[PDB]
């Protein structure tokens, strides 16, 4: 038993992480086959003033790149630019390239971040793409290029994020591997401001089912609210809508509690726990998806 926000194992991805240097700027990239993807601001002349990327790419020279994996140098043969990333073609193919795919995340998807500095993984953690297209991570100077990923049941890695920016709020933004920045933020120093985050209602429901199944039941109200009424309340109170109730049928059956009862319980619990807790959390938790709760409780 227990519920803990965890990352999927990082080995297959650590083998793809490299150090990318242009001039005196250092950040990370990801080496899959004979291509290294990294953020394009590695060739920026400054990163404090507004950047003409067209100019920086046109005047870029290959002899200024140095790309290495655990100190072993890779030979750069060429570079193309795709939105906010570079694809650096190199001589050597990564023999530890895992079976993989590129995937673009949607709000509410969970994934894993491998935080890297100078080409070396430092830390690994699970996170959710928020409704405002940011994440709440922990990154300092040098982290750009840290990858995000999921690993499917068949062993296939979905590469889905590369760290790009920290907004003024402290919230974090990346791009996918096509170079689209999540939420169309700009990979520029700017005064951009994210929308206010919405609590992910589907996760909050999953979490309350997990609480029931771990014998924590004090918070359960005996009121019912239907989907359309919860969704109206949600808009007013900083919560997403809830997805089809059929998703939860296995857990509804195992607990004998319907989604509608949990929705009403959320409405009440939003006002405060009154000093009590739920699986140790002193307020509602949207950190875990349905899939994560099910995987952690049952495999």
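Residue numbers count along the first chain shown, from 1. Throughout, rigid core stands for the largest set of C-alpha atoms superposing within 1.5 Å between the two forms.
Using the rigid core as the fitting frame, the root mean square C-alpha deviation in 5 other deposited structures of this protein is greater for 248-256 than for the other of 248-256 and 232-240. Structural divergence in 5 other deposited structures of this protein between 99-107 and 219-227: following superposition by the core, 219-227 has C-alpha atoms lying farther from the shown form. The stretch with the higher mean CA B factor, choosing between 32-40 and 250-258, is 250-258. In this entry, the higher average B-factor at the C-alpha atoms falls on 177-185, of the pair 143-151 and 177-185. Comparing the listed residues 224, 103, 130, 87, the entry records the largest Cα B-factor for 224. When the C-alpha B-factors of 266, 67, 27, 49 are read from the PDB record, the largest value belongs to 49. Ranked against the other modelled residues of its chain, the C-alpha B-factor of residue 94 as given in the entry falls in the middle third. When the CA B factors of the chain's modelled residues are split into thirds, the value for residue 211 lands in the middle one. Residue-level temperature factors show residue 19 in the lowest third of its chain, judged at the C-alpha atom.
Ranked against the other modelled residues of its chain, the C-alpha B-factor of residue 197 as given in the entry falls in the middle third. Residue 170 sits in the middle third of its chain by CA B factor, as recorded in the PDB entry.
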